[PDB]
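Inspection log for the structure reproduced underneath, given as structure tokens.
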Amino acid sequence: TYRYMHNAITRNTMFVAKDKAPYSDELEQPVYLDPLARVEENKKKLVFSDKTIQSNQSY
Amino acid sequence: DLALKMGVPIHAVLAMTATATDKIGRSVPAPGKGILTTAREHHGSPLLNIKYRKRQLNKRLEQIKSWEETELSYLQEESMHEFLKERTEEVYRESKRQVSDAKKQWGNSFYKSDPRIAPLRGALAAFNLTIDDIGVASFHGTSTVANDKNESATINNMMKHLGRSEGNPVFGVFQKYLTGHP
Amino acid sequence: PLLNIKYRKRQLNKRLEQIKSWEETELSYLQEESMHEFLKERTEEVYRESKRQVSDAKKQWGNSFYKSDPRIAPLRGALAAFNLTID
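Chains as they are written, first to last, in the authors' numbering: chain B, 1688 to 1746; chain D, 1390 to 1433, 1439 to 1472, 1485 to 1588; chain Z, 1440 to 1472, 1485 to 1538.
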């Protein structure tokens, strides 16, 4: 938080709009319908992946 | 309980109610599938059976009555009349609350902790109703191109995810055709 | 005594021991009941159910002990949930 607060106070990037949801339009509804769906790190962004939706590992 | 106590006309049971948001966007008025979460469940169950829940609650109630008897016996050891009255009221209220919490867990909130049981499915199953027992879907039905498409899509997908029998559509009420849209 | 936490704590303690007895009985019954997949699913169910019984016990005896005691106010009981008096 200290890192982020200072980086953004000086670069004027305190608010970073999310361009995309953590789920794609293709995976949106399985994410909605899976209570155990949770984002994971991919391409340095927290997003939903097809492997982690309706997975036996989560249950 | 209160409705029965006052004898008001019980028109229906609000088995479920929920609200949801859609996603990142730049369109405020655009509807979305956010309320599809009300039918969320994991597929990758005796809790859905009521006889199992009923026997669970039965022996929980017998444990509660044993607890009540023990507490009254201890109170016997413990203005003697006023003290006994107050503590007997307490034991009765506490046993009633243990019973109520047991009934809440096993008949009302049995599905809040089960991912495999969706909110909608478990709200219906609290009254031994399957998804097929949802006969009518009072649609928002705003006569809008995006709204009636998206809404039908989410209702259909939630019915399909809830394992509704094929050939068992929900009837769509579109009361706004007559009443307009407030 | 409902305003006293030691009383509530011992109440919850024996409620928890009842819950663990219930868990052991349920696991024993599951032993009688894809055998590996069935056992995994039902063991998950028993663990979740025992966890919820524990959570409901803790809710009744530590969180919502005052919700149906008229003599305990919402403010007084909200404070007493953390052993805090009105002072």
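Even for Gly, the Cβ is constructed at its ideal location relative to N, Cα and C.
Measure from the alpha carbon of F1533 (chain D) to the alpha carbon of each residue in D:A1404, D:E1430 and D:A1524, then state which is nearest. Here residue 1533 (chain D) corresponds to residue number 127 of the second sequence, with the count starting at 1. Looking only at D:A1404, D:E1430 and D:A1524, the smallest Cα-Cα distance to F1533 (chain D) is reached by D:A1404.
May I have the straight-line CA-CA distance separating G1433 (chain D) from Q1744 (chain B), to the nearest angstrom? Locating residue 1433 (chain D) in the second sequence gives position 44, where the first residue counts as 1. Locating residue 1744 (chain B) in the first sequence gives position 57, where the first residue counts as 1. Spanning the two alpha carbons is a distance of roughly 8 angstroms.
What in chain B is Cβ-close to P1521 (chain D), meaning under 9 angstroms? Within the second sequence, numbered from 1, the residue matching residue 1521 (chain D) stands at position 115. What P1521 (chain D) touches in chain B: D1721, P1722, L1723, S1745 and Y1746.
Does any CB atom of chain D fall closer than 9 angstroms to the CB of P1440 (chain Z)? Along the third sequence, one-based indexing puts residue 1440 (chain Z) at 1. True, the Cβ-Cβ gap to chain D drops below 9 angstroms.
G1569 (chain D) lies in the beta strand (DSSP E); which residues open and close that run? For the purposes of this step, residue 1569 (chain D) is taken as residue 163 along the second sequence, with counting starting at 1. Premise fails: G1569 (chain D) is in no beta strand (DSSP E) and is neither H nor E.
Roughly how many angstroms separate the alpha carbons of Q1470 (chain D) and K1459 (chain Z), rounded to a whole number? Along the second sequence, one-based indexing puts residue 1470 (chain D) at 76. Along the third sequence, one-based indexing puts residue 1459 (chain Z) at 20. If I take the Cα positions, the gap works out to 29 angstroms.
Status (buried if at least 16 other CB within 10 Å, exposed otherwise) for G1528 (chain D): The sequence position of residue 1528 (chain D) within the second sequence is 122, counting from 1. Classification of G1528 (chain D): buried, given that the 10 Å Cβ count is 16 or more.
For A1724 (chain B) versus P1717 (chain B), is the C-beta distance shorter than 9 angstroms? Taking the first sequence and counting its residues from 1, one reaches residue 1724 (chain B) at position 37. Taking the first sequence and counting its residues from 1, one reaches residue 1717 (chain B) at position 30. Contact flag set, yes.
Assign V1497 (chain Z) to one of two classes, buried (16 or more other C-beta atoms within 10 Å of its C-beta) or exposed (fewer than that). Against the third sequence, residue 1497 (chain Z) aligns to sequence position 46. The residue is buried, with at least 16 neighbouring Cβ atoms inside 10 Å.
Cβ of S1742 (chain B) within 9 angstroms of any chain D Cβ: Mapped onto the first sequence, residue 1742 (chain B) falls at position 55. It does; some Cβ of chain D falls within 9 angstroms.
Within the same chain, show all residues whose beta-carbon is closer than 7 angstroms to that of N1553 (chain D), passing over the 5 residues directly before and after it, in chain order. Locating residue 1553 (chain D) in the second sequence gives position 147, counting from the first residue. The residues are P1420 and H1546.
Taking 6 angstroms as the limit between beta carbons, can you name the residues of its chain near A1559 (chain D), skipping five residues before and five after? As a working mapping, residue 1559 (chain D) is identified with position 153 in the second sequence. Within the same chain, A1559 (chain D) has no close Cβ partners at all.
Sequence-distant residues of its chain with Cβ nearer than 7 angstroms to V1726 (chain B) (five each side left out): Numbered from its first residue, the first sequence carries residue 1726 (chain B) at position 39. The residues are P1709, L1733, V1734 and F1735.
Since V1505 (chain D) is in the alpha helix (DSSP H), which residue starts that stretch and which ends it? To locate residue 1505 (chain D), count along the second sequence from 1; it is residue 99. Where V1505 (chain D) is concerned, the enclosing alpha helix (DSSP H) stretches over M1486 to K1509.
Got a sec, what are the start and stop residues for the alpha helix (DSSP H) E1471 (chain Z) sits in? Your numbering for residue 1471 (chain Z) matches position 32 in the third sequence. Segment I1444 to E1471, the alpha helix (DSSP H) holding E1471 (chain Z).
For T1585 (chain D), does the count of other Cβ atoms within 10 angstroms reach 16, so buried, or fall short, so exposed? Working through the second sequence from its first residue, we reach residue 1585 (chain D) at position 179. Its Cβ having fewer than 16 others within 10 Å, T1585 (chain D) is exposed.
Look at the alpha carbon of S1742 (chain B) and the alpha carbon of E1462 (chain Z), and state the distance between them as a whole number of angstroms. The count along the first sequence starts at 1 and reaches residue 1742 (chain B) at position 55. The count along the third sequence starts at 1 and reaches residue 1462 (chain Z) at position 23. If I take the Cα positions, the gap works out to 26 angstroms.
Closer than 8 angstroms by beta-carbon distance: list the chain D residues that pair up with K1707 (chain B), in chain order. Within the first sequence, numbered from 1, the residue matching residue 1707 (chain B) stands at position 20. The answer, in chain order, is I1413.
Tell me which residue opens and which closes the alpha helix (DSSP H) that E1715 (chain B) is part of. As a working mapping, residue 1715 (chain B) is identified with position 28 in the first sequence. From DSSP, the alpha helix (DSSP H) with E1715 (chain B) extends over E1715 to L1720.
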